[PDB]
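Structure below is model19.txt: compact mmCIF, N, CA and C atoms and all ligand atoms.
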```
# COMPACT_ATOMS: atom_id res chain seq x y z
N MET A 1 245.65 193.01 -71.99
CA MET A 1 246.95 192.66 -71.35
C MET A 1 246.96 193.18 -69.91
N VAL A 2 246.52 192.31 -68.99
CA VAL A 2 246.36 192.73 -67.56
C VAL A 2 247.60 192.32 -66.75
N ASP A 3 248.52 191.61 -67.39
CA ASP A 3 249.50 190.81 -66.63
C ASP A 3 250.42 191.63 -65.75
N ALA A 4 250.84 192.82 -66.05
CA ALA A 4 251.77 193.46 -65.11
C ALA A 4 251.03 193.90 -63.84
N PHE A 5 249.67 193.97 -63.82
CA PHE A 5 248.94 194.31 -62.59
C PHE A 5 248.91 193.14 -61.60
N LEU A 6 249.20 191.93 -62.07
CA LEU A 6 248.97 190.73 -61.25
C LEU A 6 250.01 190.65 -60.15
N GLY A 7 249.58 190.17 -59.00
CA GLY A 7 250.46 189.89 -57.86
C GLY A 7 249.94 190.47 -56.61
N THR A 8 250.82 190.53 -55.62
CA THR A 8 250.50 191.00 -54.26
C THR A 8 251.16 192.37 -54.07
N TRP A 9 250.37 193.31 -53.60
CA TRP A 9 250.75 194.72 -53.54
C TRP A 9 250.47 195.25 -52.13
N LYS A 10 251.33 196.11 -51.62
CA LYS A 10 251.18 196.66 -50.27
C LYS A 10 251.07 198.18 -50.35
N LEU A 11 250.18 198.77 -49.56
CA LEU A 11 250.03 200.23 -49.58
C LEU A 11 251.26 200.90 -48.95
N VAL A 12 251.82 201.86 -49.69
CA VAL A 12 253.00 202.61 -49.22
C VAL A 12 252.83 204.12 -49.25
N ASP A 13 251.74 204.66 -49.78
CA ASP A 13 251.48 206.12 -49.80
C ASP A 13 249.99 206.33 -49.95
N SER A 14 249.41 207.32 -49.27
CA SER A 14 248.00 207.63 -49.46
C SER A 14 247.79 209.14 -49.36
N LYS A 15 247.08 209.68 -50.36
CA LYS A 15 246.76 211.11 -50.41
C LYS A 15 245.25 211.26 -50.60
N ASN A 16 244.63 212.03 -49.69
CA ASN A 16 243.24 212.41 -49.79
C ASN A 16 242.26 211.25 -49.63
N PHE A 17 242.66 210.15 -48.99
CA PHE A 17 241.70 209.08 -48.78
C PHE A 17 240.58 209.51 -47.83
N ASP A 18 240.88 210.32 -46.83
CA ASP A 18 239.81 210.80 -45.98
C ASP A 18 238.79 211.59 -46.78
N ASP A 19 239.24 212.46 -47.69
CA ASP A 19 238.31 213.24 -48.50
C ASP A 19 237.39 212.29 -49.29
N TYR A 20 237.97 211.26 -49.89
CA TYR A 20 237.21 210.29 -50.69
C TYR A 20 236.19 209.57 -49.81
N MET A 21 236.63 209.04 -48.68
CA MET A 21 235.71 208.36 -47.77
C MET A 21 234.58 209.29 -47.31
N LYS A 22 234.96 210.51 -46.96
CA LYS A 22 233.94 211.43 -46.49
C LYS A 22 232.91 211.71 -47.60
N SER A 23 233.35 211.86 -48.83
CA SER A 23 232.44 212.08 -49.96
C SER A 23 231.44 210.94 -50.11
N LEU A 24 231.90 209.70 -49.82
CA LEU A 24 231.04 208.52 -49.87
C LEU A 24 230.15 208.40 -48.62
N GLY A 25 230.31 209.26 -47.63
CA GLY A 25 229.47 209.17 -46.42
C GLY A 25 229.99 208.20 -45.35
N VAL A 26 231.24 207.81 -45.42
CA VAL A 26 231.82 206.95 -44.41
C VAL A 26 231.94 207.72 -43.09
N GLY A 27 231.53 207.12 -41.99
CA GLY A 27 231.54 207.75 -40.69
C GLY A 27 232.93 208.01 -40.13
N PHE A 28 233.02 208.96 -39.22
CA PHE A 28 234.33 209.44 -38.76
C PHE A 28 235.16 208.32 -38.13
N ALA A 29 234.54 207.40 -37.38
CA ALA A 29 235.33 206.40 -36.65
C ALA A 29 235.94 205.40 -37.62
N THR A 30 235.17 205.04 -38.64
CA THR A 30 235.69 204.19 -39.72
C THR A 30 236.79 204.88 -40.49
N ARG A 31 236.61 206.17 -40.82
CA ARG A 31 237.67 206.89 -41.51
C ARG A 31 238.94 206.91 -40.69
N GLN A 32 238.80 207.08 -39.40
CA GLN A 32 239.95 207.11 -38.51
C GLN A 32 240.77 205.82 -38.62
N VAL A 33 240.11 204.66 -38.49
CA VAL A 33 240.82 203.39 -38.61
C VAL A 33 241.41 203.22 -40.01
N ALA A 34 240.62 203.54 -41.03
CA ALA A 34 241.07 203.41 -42.42
C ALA A 34 242.29 204.26 -42.71
N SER A 35 242.41 205.42 -42.09
CA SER A 35 243.54 206.33 -42.33
C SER A 35 244.86 205.76 -41.81
N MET A 36 244.77 204.76 -40.94
CA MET A 36 245.96 204.12 -40.34
C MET A 36 246.16 202.69 -40.82
N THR A 37 245.34 202.23 -41.75
CA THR A 37 245.41 200.90 -42.30
C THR A 37 246.24 200.88 -43.57
N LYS A 38 247.02 199.81 -43.77
CA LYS A 38 247.78 199.60 -45.02
C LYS A 38 247.33 198.29 -45.62
N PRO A 39 246.35 198.31 -46.51
CA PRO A 39 245.88 197.05 -47.06
C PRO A 39 246.93 196.38 -47.95
N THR A 40 246.70 195.08 -48.12
CA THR A 40 247.34 194.28 -49.15
C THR A 40 246.30 194.01 -50.23
N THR A 41 246.67 194.30 -51.48
CA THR A 41 245.80 194.00 -52.61
C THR A 41 246.43 192.88 -53.42
N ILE A 42 245.65 191.86 -53.70
CA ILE A 42 246.10 190.70 -54.48
C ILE A 42 245.25 190.64 -55.74
N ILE A 43 245.92 190.64 -56.89
CA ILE A 43 245.21 190.59 -58.17
C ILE A 43 245.69 189.32 -58.86
N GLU A 44 244.74 188.44 -59.19
CA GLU A 44 245.13 187.20 -59.89
C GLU A 44 244.13 186.87 -61.01
N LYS A 45 244.64 186.14 -61.97
CA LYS A 45 243.78 185.76 -63.10
C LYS A 45 243.77 184.28 -63.24
N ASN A 46 242.65 183.82 -63.78
CA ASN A 46 242.47 182.42 -64.22
C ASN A 46 241.68 182.50 -65.51
N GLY A 47 242.40 182.37 -66.62
CA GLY A 47 241.73 182.62 -67.87
C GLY A 47 241.23 184.04 -67.93
N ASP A 48 239.94 184.17 -68.29
CA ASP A 48 239.26 185.48 -68.47
C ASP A 48 238.79 186.05 -67.13
N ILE A 49 238.97 185.34 -66.05
CA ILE A 49 238.40 185.81 -64.77
C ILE A 49 239.51 186.38 -63.91
N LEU A 50 239.31 187.63 -63.49
CA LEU A 50 240.20 188.28 -62.51
C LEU A 50 239.56 188.21 -61.15
N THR A 51 240.40 188.04 -60.14
CA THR A 51 240.00 188.13 -58.74
C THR A 51 240.88 189.18 -58.07
N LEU A 52 240.23 190.11 -57.38
CA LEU A 52 240.92 191.22 -56.70
C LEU A 52 240.52 191.16 -55.23
N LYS A 53 241.52 190.85 -54.39
CA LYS A 53 241.34 190.75 -52.95
C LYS A 53 241.95 192.00 -52.32
N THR A 54 241.28 192.54 -51.31
CA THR A 54 241.84 193.64 -50.49
C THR A 54 241.77 193.16 -49.05
N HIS A 55 242.92 193.07 -48.40
CA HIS A 55 243.02 192.50 -47.05
C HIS A 55 243.52 193.54 -46.07
N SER A 56 242.98 193.61 -44.90
CA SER A 56 243.64 194.51 -43.93
C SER A 56 243.36 193.97 -42.55
N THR A 57 243.84 194.69 -41.56
CA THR A 57 243.46 194.41 -40.17
C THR A 57 242.03 194.85 -39.85
N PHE A 58 241.39 195.65 -40.70
CA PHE A 58 240.06 196.23 -40.41
C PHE A 58 238.83 195.53 -41.05
N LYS A 59 238.89 195.00 -42.15
CA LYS A 59 237.97 194.81 -43.30
C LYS A 59 238.71 194.18 -44.48
N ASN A 60 238.07 193.16 -45.02
CA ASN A 60 238.53 192.43 -46.19
C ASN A 60 237.47 192.52 -47.26
N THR A 61 237.85 192.52 -48.51
CA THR A 61 236.94 192.39 -49.64
C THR A 61 237.54 191.44 -50.69
N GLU A 62 236.67 190.89 -51.52
CA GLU A 62 237.08 190.12 -52.69
C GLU A 62 236.02 190.28 -53.76
N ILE A 63 236.47 190.50 -54.99
CA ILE A 63 235.60 190.53 -56.16
C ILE A 63 236.22 189.64 -57.23
N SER A 64 235.35 189.01 -58.03
CA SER A 64 235.77 188.33 -59.24
C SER A 64 234.94 188.84 -60.42
N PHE A 65 235.58 189.01 -61.57
CA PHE A 65 234.93 189.60 -62.71
C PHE A 65 235.65 189.21 -63.98
N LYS A 66 234.93 189.35 -65.09
CA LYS A 66 235.52 189.33 -66.43
C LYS A 66 235.64 190.78 -66.90
N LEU A 67 236.76 191.17 -67.55
CA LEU A 67 236.87 192.51 -68.09
C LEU A 67 235.71 192.76 -69.03
N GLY A 68 235.12 193.92 -68.89
CA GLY A 68 234.10 194.35 -69.82
C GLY A 68 232.75 193.74 -69.60
N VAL A 69 232.53 193.05 -68.48
CA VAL A 69 231.22 192.44 -68.18
C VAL A 69 230.76 192.96 -66.82
N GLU A 70 229.58 193.54 -66.76
CA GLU A 70 229.07 194.10 -65.52
C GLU A 70 228.91 193.00 -64.46
N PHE A 71 229.11 193.40 -63.21
CA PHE A 71 228.93 192.51 -62.07
C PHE A 71 228.36 193.30 -60.92
N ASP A 72 227.60 192.60 -60.06
CA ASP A 72 227.18 193.22 -58.81
C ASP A 72 228.33 193.17 -57.81
N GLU A 73 228.41 194.21 -56.97
CA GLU A 73 229.47 194.33 -55.98
C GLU A 73 228.88 194.96 -54.73
N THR A 74 229.37 194.51 -53.59
CA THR A 74 229.06 195.15 -52.29
C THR A 74 230.37 195.63 -51.73
N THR A 75 230.55 196.96 -51.68
CA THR A 75 231.84 197.55 -51.38
C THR A 75 232.17 197.43 -49.89
N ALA A 76 233.41 197.80 -49.56
CA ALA A 76 233.89 197.71 -48.18
C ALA A 76 233.00 198.53 -47.22
N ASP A 77 232.51 199.65 -47.73
CA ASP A 77 231.61 200.55 -46.98
C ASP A 77 230.13 200.23 -47.21
N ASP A 78 229.84 199.05 -47.75
CA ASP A 78 228.49 198.46 -47.83
C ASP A 78 227.58 199.17 -48.84
N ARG A 79 228.16 199.77 -49.87
CA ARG A 79 227.34 200.20 -51.02
C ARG A 79 227.10 198.99 -51.93
N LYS A 80 225.87 198.86 -52.40
CA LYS A 80 225.51 197.82 -53.38
C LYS A 80 225.51 198.50 -54.73
N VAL A 81 226.48 198.14 -55.55
CA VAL A 81 226.77 198.86 -56.79
C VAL A 81 226.78 197.90 -57.97
N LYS A 82 226.63 198.49 -59.15
CA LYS A 82 226.81 197.82 -60.44
C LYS A 82 228.17 198.23 -60.97
N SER A 83 229.02 197.28 -61.22
CA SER A 83 230.43 197.52 -61.52
C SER A 83 230.83 196.99 -62.88
N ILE A 84 231.85 197.61 -63.44
CA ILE A 84 232.51 197.07 -64.63
C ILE A 84 233.98 197.47 -64.53
N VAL A 85 234.85 196.57 -64.95
CA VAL A 85 236.29 196.81 -64.99
C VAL A 85 236.75 196.61 -66.43
N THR A 86 237.55 197.54 -66.93
CA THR A 86 238.03 197.45 -68.31
C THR A 86 239.46 197.94 -68.34
N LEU A 87 240.16 197.67 -69.38
CA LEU A 87 241.45 198.29 -69.68
C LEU A 87 241.22 199.46 -70.60
N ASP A 88 241.81 200.61 -70.26
CA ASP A 88 241.63 201.88 -70.98
C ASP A 88 243.00 202.55 -70.95
N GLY A 89 243.64 202.67 -72.09
CA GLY A 89 244.91 203.37 -72.08
C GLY A 89 245.95 202.63 -71.26
N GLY A 90 245.82 201.32 -71.15
CA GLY A 90 246.73 200.53 -70.32
C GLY A 90 246.43 200.59 -68.84
N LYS A 91 245.39 201.28 -68.44
CA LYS A 91 244.99 201.42 -67.04
C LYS A 91 243.83 200.47 -66.80
N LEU A 92 243.76 199.92 -65.60
CA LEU A 92 242.65 199.08 -65.21
C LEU A 92 241.60 200.01 -64.57
N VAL A 93 240.45 200.23 -65.22
CA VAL A 93 239.44 201.21 -64.80
C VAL A 93 238.22 200.47 -64.26
N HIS A 94 237.94 200.68 -62.99
CA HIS A 94 236.79 200.08 -62.30
C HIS A 94 235.79 201.20 -62.06
N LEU A 95 234.60 201.06 -62.67
CA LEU A 95 233.50 202.03 -62.51
C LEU A 95 232.41 201.39 -61.67
N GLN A 96 231.97 202.06 -60.62
CA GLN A 96 230.86 201.63 -59.78
C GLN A 96 229.71 202.63 -59.90
N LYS A 97 228.50 202.11 -60.05
CA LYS A 97 227.28 202.90 -60.21
C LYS A 97 226.24 202.48 -59.17
N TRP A 98 225.63 203.44 -58.51
CA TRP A 98 224.55 203.16 -57.56
C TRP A 98 223.76 204.45 -57.34
N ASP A 99 222.46 204.33 -57.28
CA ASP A 99 221.64 205.52 -56.87
C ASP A 99 221.91 206.69 -57.82
N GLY A 100 222.26 206.47 -59.07
CA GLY A 100 222.59 207.52 -60.03
C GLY A 100 223.97 208.16 -59.82
N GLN A 101 224.69 207.74 -58.80
CA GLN A 101 226.05 208.13 -58.45
C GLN A 101 227.03 207.23 -59.16
N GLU A 102 228.26 207.72 -59.25
CA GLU A 102 229.37 206.95 -59.82
C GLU A 102 230.64 207.23 -59.02
N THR A 103 231.52 206.23 -59.00
CA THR A 103 232.90 206.44 -58.56
C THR A 103 233.79 205.60 -59.45
N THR A 104 234.99 206.11 -59.71
CA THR A 104 235.97 205.37 -60.47
C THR A 104 237.19 205.07 -59.61
N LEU A 105 237.73 203.87 -59.84
CA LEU A 105 238.95 203.35 -59.21
C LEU A 105 239.88 203.00 -60.35
N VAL A 106 240.88 203.82 -60.60
CA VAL A 106 241.75 203.67 -61.78
C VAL A 106 243.13 203.22 -61.30
N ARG A 107 243.62 202.12 -61.87
CA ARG A 107 244.94 201.59 -61.51
C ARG A 107 245.86 201.71 -62.72
N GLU A 108 247.08 202.14 -62.42
CA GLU A 108 248.10 202.18 -63.44
C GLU A 108 249.45 201.88 -62.83
N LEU A 109 250.34 201.58 -63.73
CA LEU A 109 251.71 201.27 -63.31
C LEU A 109 252.59 202.43 -63.69
N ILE A 110 253.36 202.92 -62.74
CA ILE A 110 254.35 203.98 -62.97
C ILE A 110 255.61 203.53 -62.24
N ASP A 111 256.69 203.39 -62.98
CA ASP A 111 258.00 202.97 -62.44
C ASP A 111 257.81 201.76 -61.55
N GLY A 112 256.98 200.82 -61.96
CA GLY A 112 256.82 199.56 -61.21
C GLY A 112 255.91 199.66 -60.01
N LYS A 113 255.40 200.85 -59.69
CA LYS A 113 254.44 201.00 -58.59
C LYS A 113 253.04 201.03 -59.17
N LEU A 114 252.09 200.57 -58.39
CA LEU A 114 250.67 200.54 -58.74
C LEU A 114 250.03 201.79 -58.12
N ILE A 115 249.56 202.69 -58.97
CA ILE A 115 248.92 203.94 -58.52
C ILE A 115 247.42 203.79 -58.73
N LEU A 116 246.69 203.89 -57.63
CA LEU A 116 245.25 203.78 -57.59
C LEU A 116 244.68 205.19 -57.38
N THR A 117 243.89 205.67 -58.32
CA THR A 117 243.24 206.97 -58.24
C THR A 117 241.74 206.74 -58.05
N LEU A 118 241.21 207.26 -56.97
CA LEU A 118 239.81 207.10 -56.58
C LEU A 118 239.12 208.44 -56.71
N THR A 119 238.02 208.52 -57.48
CA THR A 119 237.31 209.78 -57.69
C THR A 119 235.87 209.61 -57.34
N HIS A 120 235.33 210.46 -56.49
CA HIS A 120 233.88 210.51 -56.23
C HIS A 120 233.54 211.97 -55.96
N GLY A 121 232.49 212.46 -56.60
CA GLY A 121 232.23 213.90 -56.45
C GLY A 121 233.40 214.70 -56.94
N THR A 122 233.90 215.62 -56.14
CA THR A 122 235.09 216.36 -56.50
C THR A 122 236.32 215.75 -55.84
N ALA A 123 236.18 214.76 -54.96
CA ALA A 123 237.28 214.19 -54.21
C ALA A 123 238.13 213.28 -55.09
N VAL A 124 239.43 213.47 -55.05
CA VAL A 124 240.39 212.69 -55.81
C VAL A 124 241.47 212.21 -54.85
N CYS A 125 241.54 210.90 -54.67
CA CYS A 125 242.51 210.25 -53.81
C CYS A 125 243.50 209.47 -54.63
N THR A 126 244.78 209.52 -54.25
CA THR A 126 245.82 208.77 -54.91
C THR A 126 246.51 207.91 -53.90
N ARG A 127 246.49 206.60 -54.14
CA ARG A 127 247.15 205.63 -53.26
C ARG A 127 248.17 204.85 -54.07
N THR A 128 249.30 204.63 -53.44
CA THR A 128 250.40 203.97 -54.12
C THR A 128 250.69 202.64 -53.42
N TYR A 129 250.80 201.61 -54.24
CA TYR A 129 251.10 200.26 -53.80
C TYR A 129 252.40 199.80 -54.41
N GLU A 130 253.20 199.07 -53.64
CA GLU A 130 254.43 198.45 -54.17
C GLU A 130 254.29 196.93 -54.07
N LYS A 131 254.91 196.30 -55.03
CA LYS A 131 254.68 194.87 -55.22
C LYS A 131 255.53 194.10 -54.22
N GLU A 132 254.92 193.10 -53.64
CA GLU A 132 255.55 192.07 -52.79
C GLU A 132 256.10 190.92 -53.67
N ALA A 133 257.26 190.42 -53.31
CA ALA A 133 257.96 189.31 -53.99
C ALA A 133 257.21 188.01 -53.79
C1 LIG A 201 234.31 199.81 -43.63
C2 LIG A 201 235.57 200.43 -44.17
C3 LIG A 201 235.24 201.28 -45.35
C4 LIG A 201 236.41 202.09 -45.77
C5 LIG A 201 236.23 202.92 -47.04
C6 LIG A 201 236.09 202.07 -48.34
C7 LIG A 201 235.94 202.90 -49.61
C8 LIG A 201 235.94 202.12 -50.86
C9 LIG A 201 237.11 201.17 -51.11
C10 LIG A 201 238.46 201.88 -51.13
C11 LIG A 201 239.60 201.00 -51.54
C12 LIG A 201 240.97 201.57 -51.29
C13 LIG A 201 242.14 200.68 -51.64
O1 LIG A 201 241.94 199.60 -52.22
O2 LIG A 201 243.30 201.09 -51.31
```

Structure rendered as structure tokens:
Amino acid sequence: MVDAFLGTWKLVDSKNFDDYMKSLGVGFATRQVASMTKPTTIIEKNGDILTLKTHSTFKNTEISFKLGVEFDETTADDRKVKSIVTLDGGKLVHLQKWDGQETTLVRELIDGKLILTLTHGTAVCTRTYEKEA
């Protein structure tokens, strides 16, 4: 049941995103721009296939996947990873693997807001998105 995640979402709060980016090795100038960017995330489904778009003034990404089926992904910061997205506890959990490393991108709904928790190494970032009409 992915349906309450679907729609267009705008970033309205960010905590520790610089720590997360730095853990991934993102360079200072990119982190600087990213710290001032408010992406729009669009999540849509067509049958079993989800498409997740991230749009900003800096950098755009798009992925399509089936829940529970691995896919190749090239992230915004140009990591080539093996990914899987699943529902776990009502949360949409995206796991990326590369070079023996892992990062998780966990989405959940709290009071109608989309909370994205990003973990890599010891870095834990929390970003909050609110839905666009
Ligand atoms: C080139 C710009 C790279 C910026 C850092 C990207 C890190 C991985 C993706 C983070 C996604 C955050 C979000 O969807 O709010």

Nearest residue to ligand LIG 201 (chain A) from the set A:7, A:89, A:47, A:39 (distances using all atoms listed in the file):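 Closest to ligand LIG 201 (chain A), using all atoms listed in the file: A:39.
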
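Contacts with ligand LIG 201 (chain A) are defined as any residue atom within 6 Å of a ligand atom, using only N, CA and C atoms and all ligand atoms; the residues meeting this criterion are residues 21, 30, 34, 76 and 77 of chain A.
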
Interatomic distance, atom CA of residue A:80 to atom C of residue A:64 (Å, one decimal): 14.8 Å

Neighbours of point (244.0, 201.5, -58.5) within 6.5 Å, using all atoms listed in the file, written as a list in words: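 Residues found, by chain and rising number: residues 105, 106, 107, 108, 114, 115, 116 and 117 of chain A.
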
Point-to-point distance from atom N of residue A:24 to atom N of residue A:124, Å rounded to tenths: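 Computing it gives 9.9 Å between the two atoms.
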
For residue A:61: contacts at 6.5 Å, all atoms listed in the file, fewer than 4 positions along chain excluded, given as a list in words: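 Once the nearby chain positions are removed, what remains is residues 52, 53, 54, 55, 56 and 76 of chain A.
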
Residue among A:28, A:99, A:38, A:74 lying closest to residue A:13, counting all atoms listed in the file: A:38

Pairwise distance for atom CA of residue A:42 and atom C of residue A:100, rounded to one decimal in Å: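 Separation of atom CA of residue A:42 and atom C of residue A:100: 28.7 Å.
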
Residues within 6.5 Å of (243.7, 209.7, -55.0), file coords, only N, CA and C atoms, listed as a list in words: residues 15, 16, 17, 116, 117, 118, 119, 124, 125, 126 and 127 of chain A

Using all atoms listed in the file: which of A:109, A:4, A:26, A:67 has the shortest distance to residue A:49: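 For residue A:49, the nearest of the candidates is A:67.
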
Strand (DSSP E or B) call set, DSSP backbone run, chain A, as an MDAnalysis selection string: chainID A and resid 7:15 40:46 49:55 61:66 71:74 80:88 91:98 101:110 113:120 123:132

Picked from chain A by DSSP as helix (DSSP H, G or I), as a ChimeraX atom specification: /A:3-5,17-23,28-35

Would you output that residue set with N, CA and C atoms, as a PDB file, in the coordinates of the input?
```
ATOM      1  N   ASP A   3     248.520 191.610 -67.390  1.00  0.00           N
ATOM      2  CA  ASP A   3     249.500 190.810 -66.630  1.00  0.00           C
ATOM      3  C   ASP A   3     250.420 191.630 -65.750  1.00  0.00           C
ATOM      4  N   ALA A   4     250.840 192.820 -66.050  1.00  0.00           N
ATOM      5  CA  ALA A   4     251.770 193.460 -65.110  1.00  0.00           C
ATOM      6  C   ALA A   4     251.030 193.900 -63.840  1.00  0.00           C
ATOM      7  N   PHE A   5     249.670 193.970 -63.820  1.00  0.00           N
ATOM      8  CA  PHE A   5     248.940 194.310 -62.590  1.00  0.00           C
ATOM      9  C   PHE A   5     248.910 193.140 -61.600  1.00  0.00           C
ATOM     10  N   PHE A  17     242.660 210.150 -48.990  1.00  0.00           N
ATOM     11  CA  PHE A  17     241.700 209.080 -48.780  1.00  0.00           C
ATOM     12  C   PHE A  17     240.580 209.510 -47.830  1.00  0.00           C
ATOM     13  N   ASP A  18     240.880 210.320 -46.830  1.00  0.00           N
ATOM     14  CA  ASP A  18     239.810 210.800 -45.980  1.00  0.00           C
ATOM     15  C   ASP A  18     238.790 211.590 -46.780  1.00  0.00           C
ATOM     16  N   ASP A  19     239.240 212.460 -47.690  1.00  0.00           N
ATOM     17  CA  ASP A  19     238.310 213.240 -48.500  1.00  0.00           C
ATOM     18  C   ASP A  19     237.390 212.290 -49.290  1.00  0.00           C
ATOM     19  N   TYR A  20     237.970 211.260 -49.890  1.00  0.00           N
ATOM     20  CA  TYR A  20     237.210 210.290 -50.690  1.00  0.00           C
ATOM     21  C   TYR A  20     236.190 209.570 -49.810  1.00  0.00           C
ATOM     22  N   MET A  21     236.630 209.040 -48.680  1.00  0.00           N
ATOM     23  CA  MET A  21     235.710 208.360 -47.770  1.00  0.00           C
ATOM     24  C   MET A  21     234.580 209.290 -47.310  1.00  0.00           C
ATOM     25  N   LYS A  22     234.960 210.510 -46.960  1.00  0.00           N
ATOM     26  CA  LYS A  22     233.940 211.430 -46.490  1.00  0.00           C
ATOM     27  C   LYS A  22     232.910 211.710 -47.600  1.00  0.00           C
ATOM     28  N   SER A  23     233.350 211.860 -48.830  1.00  0.00           N
ATOM     29  CA  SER A  23     232.440 212.080 -49.960  1.00  0.00           C
ATOM     30  C   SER A  23     231.440 210.940 -50.110  1.00  0.00           C
ATOM     31  N   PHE A  28     233.020 208.960 -39.220  1.00  0.00           N
ATOM     32  CA  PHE A  28     234.330 209.440 -38.760  1.00  0.00           C
ATOM     33  C   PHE A  28     235.160 208.320 -38.130  1.00  0.00           C
ATOM     34  N   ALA A  29     234.540 207.400 -37.380  1.00  0.00           N
ATOM     35  CA  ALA A  29     235.330 206.400 -36.650  1.00  0.00           C
ATOM     36  C   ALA A  29     235.940 205.400 -37.620  1.00  0.00           C
ATOM     37  N   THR A  30     235.170 205.040 -38.640  1.00  0.00           N
ATOM     38  CA  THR A  30     235.690 204.190 -39.720  1.00  0.00           C
ATOM     39  C   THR A  30     236.790 204.880 -40.490  1.00  0.00           C
ATOM     40  N   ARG A  31     236.610 206.170 -40.820  1.00  0.00           N
ATOM     41  CA  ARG A  31     237.670 206.890 -41.510  1.00  0.00           C
ATOM     42  C   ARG A  31     238.940 206.910 -40.690  1.00  0.00           C
ATOM     43  N   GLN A  32     238.800 207.080 -39.400  1.00  0.00           N
ATOM     44  CA  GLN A  32     239.950 207.110 -38.510  1.00  0.00           C
ATOM     45  C   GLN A  32     240.770 205.820 -38.620  1.00  0.00           C
ATOM     46  N   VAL A  33     240.110 204.660 -38.490  1.00  0.00           N
ATOM     47  CA  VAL A  33     240.820 203.390 -38.610  1.00  0.00           C
ATOM     48  C   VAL A  33     241.410 203.220 -40.010  1.00  0.00           C
ATOM     49  N   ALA A  34     240.620 203.540 -41.030  1.00  0.00           N
ATOM     50  CA  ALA A  34     241.070 203.410 -42.420  1.00  0.00           C
ATOM     51  C   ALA A  34     242.290 204.260 -42.710  1.00  0.00           C
ATOM     52  N   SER A  35     242.410 205.420 -42.090  1.00  0.00           N
ATOM     53  CA  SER A  35     243.540 206.330 -42.330  1.00  0.00           C
ATOM     54  C   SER A  35     244.860 205.760 -41.810  1.00  0.00           C
TER      55      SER A  35
END
```

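If only C-alpha atoms are the atoms counted, then among A:113, A:88, A:94, A:19 the closest residue to residue A:66 is A:94.
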
Let me have the centre and edge lengths of the axis-aligned box enclosing all listed atoms of stretch 47-55 of chain A with 4 Å padding on every side, in Å to one decimal, as AutoDock Vina command-line options.
```
--center_x 241.0 --center_y 188.0 --center_z -57.3 --size_x 13.1 --size_y 19.3 --size_z 30.4
```

For residue A:90, the nearest of the candidates A:10, A:65, A:1, A:25, counting all atoms listed in the file: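 Of all the options, A:1 lies closest to residue A:90.
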
Who sits within 7 Å of residue A:85, all atoms listed in the file, same chain under 6 positions skipped, as a list in words: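 In the requested form, the answer reads residues 66, 67, 68, 69, 70, 71, 92, 93, 94 and 95 of chain A.
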
Selection from above, N, CA and C atoms, as a PDB file, in the coordinates of the input, can you write it?
```pdb
ATOM      1  N   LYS A  66     234.930 189.350 -65.090  1.00  0.00           N
ATOM      2  CA  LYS A  66     235.520 189.330 -66.430  1.00  0.00           C
ATOM      3  C   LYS A  66     235.640 190.780 -66.900  1.00  0.00           C
ATOM      4  N   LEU A  67     236.760 191.170 -67.550  1.00  0.00           N
ATOM      5  CA  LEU A  67     236.870 192.510 -68.090  1.00  0.00           C
ATOM      6  C   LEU A  67     235.710 192.760 -69.030  1.00  0.00           C
ATOM      7  N   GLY A  68     235.120 193.920 -68.890  1.00  0.00           N
ATOM      8  CA  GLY A  68     234.100 194.350 -69.820  1.00  0.00           C
ATOM      9  C   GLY A  68     232.750 193.740 -69.600  1.00  0.00           C
ATOM     10  N   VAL A  69     232.530 193.050 -68.480  1.00  0.00           N
ATOM     11  CA  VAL A  69     231.220 192.440 -68.180  1.00  0.00           C
ATOM     12  C   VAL A  69     230.760 192.960 -66.820  1.00  0.00           C
ATOM     13  N   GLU A  70     229.580 193.540 -66.760  1.00  0.00           N
ATOM     14  CA  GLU A  70     229.070 194.100 -65.520  1.00  0.00           C
ATOM     15  C   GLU A  70     228.910 193.000 -64.460  1.00  0.00           C
ATOM     16  N   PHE A  71     229.110 193.400 -63.210  1.00  0.00           N
ATOM     17  CA  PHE A  71     228.930 192.510 -62.070  1.00  0.00           C
ATOM     18  C   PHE A  71     228.360 193.300 -60.920  1.00  0.00           C
ATOM     19  N   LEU A  92     243.760 199.920 -65.600  1.00  0.00           N
ATOM     20  CA  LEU A  92     242.650 199.080 -65.210  1.00  0.00           C
ATOM     21  C   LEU A  92     241.600 200.010 -64.570  1.00  0.00           C
ATOM     22  N   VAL A  93     240.450 200.230 -65.220  1.00  0.00           N
ATOM     23  CA  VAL A  93     239.440 201.210 -64.800  1.00  0.00           C
ATOM     24  C   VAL A  93     238.220 200.470 -64.260  1.00  0.00           C
ATOM     25  N   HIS A  94     237.940 200.680 -62.990  1.00  0.00           N
ATOM     26  CA  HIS A  94     236.790 200.080 -62.300  1.00  0.00           C
ATOM     27  C   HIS A  94     235.790 201.200 -62.060  1.00  0.00           C
ATOM     28  N   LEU A  95     234.600 201.060 -62.670  1.00  0.00           N
ATOM     29  CA  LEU A  95     233.500 202.030 -62.510  1.00  0.00           C
ATOM     30  C   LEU A  95     232.410 201.390 -61.670  1.00  0.00           C
TER      31      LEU A  95
END
```

Selected residue, from A:23, A:32, A:40, A:14, that lies nearest to residue A:131 when counting only C-alpha atoms: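 Among the listed residues, the smallest separation from residue A:131 belongs to A:40.
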